[PDB]
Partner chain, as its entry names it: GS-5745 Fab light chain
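Next up is one chain by itself, shown in structure tokens, the form solved without the partner chain.
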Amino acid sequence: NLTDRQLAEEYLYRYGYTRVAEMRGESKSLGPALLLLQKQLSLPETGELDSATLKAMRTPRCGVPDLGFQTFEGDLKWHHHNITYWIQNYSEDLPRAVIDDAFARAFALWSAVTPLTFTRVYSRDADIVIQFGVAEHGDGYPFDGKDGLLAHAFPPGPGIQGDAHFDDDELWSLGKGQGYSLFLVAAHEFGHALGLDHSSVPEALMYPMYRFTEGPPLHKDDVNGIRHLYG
């Protein structure tokens, strides 16, 4: 129950737009930050809090910032071919075998277009630790309750780097009837865990907003992104 104006100020802060406007001497009023967001999300570039921009801001999305103060270790790509993953805990929203299969299908999408392989393990030292969490869940990037941000993930590297977390204040499903597709959100978050950033192409898997589809989720932009990372 923020005003539209308050939601806009919070969205622009959280995803990195306000900080870039400050570095350009232009954080006194909303217009410059709105133009940065419109370019980054491929909306019409009006510099106004218009209907398209407010609808974009109310849309469920990824919790990773779009522009950006979090320093990580190393060059943010994996340096071995066999990437391991551990499912640390489970949402009660789905059967464990359906959760396991949703993540395995999300890895299979990336496996075909990268020289990496993805193997399930049962170990704390897996490259990609998968966790379900609510609000403050042990990393100082707290979730926000139902809707808004759905999940986040860290770029390749040691410890927390490469891990994927899902907001369990969300209802997880396969995206049909009620709830968010765990398969589609996992495929997006696993992109980050391989070293990809957000796309500006609205049809691309790596676009930040949640879009349900029954079609093949990869687009040219995603496949080309991976190609420009891993020889």
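Positions refer to the first chain, counted from 1.
Although it is not shown, the form deposited with the partner chain bound is what the next lines describe.
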Report summary line: TL;DR on 106 to 114, 75 to 83, 144 to 152, 120 to 128: the one with heavy atoms within 4.5 Å of the partner chain in the deposited bound form is 120 to 128
Query raised in the report: Would you say all of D4, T59 and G63 touch the partner chain in the deposited bound form, counting a heavy atom within 4.5 Å as a touch?
Result: no
Query - Partner contact for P95 in the deposited bound form: the partner chain, 4.5 angstroms, heavy atom - result: no
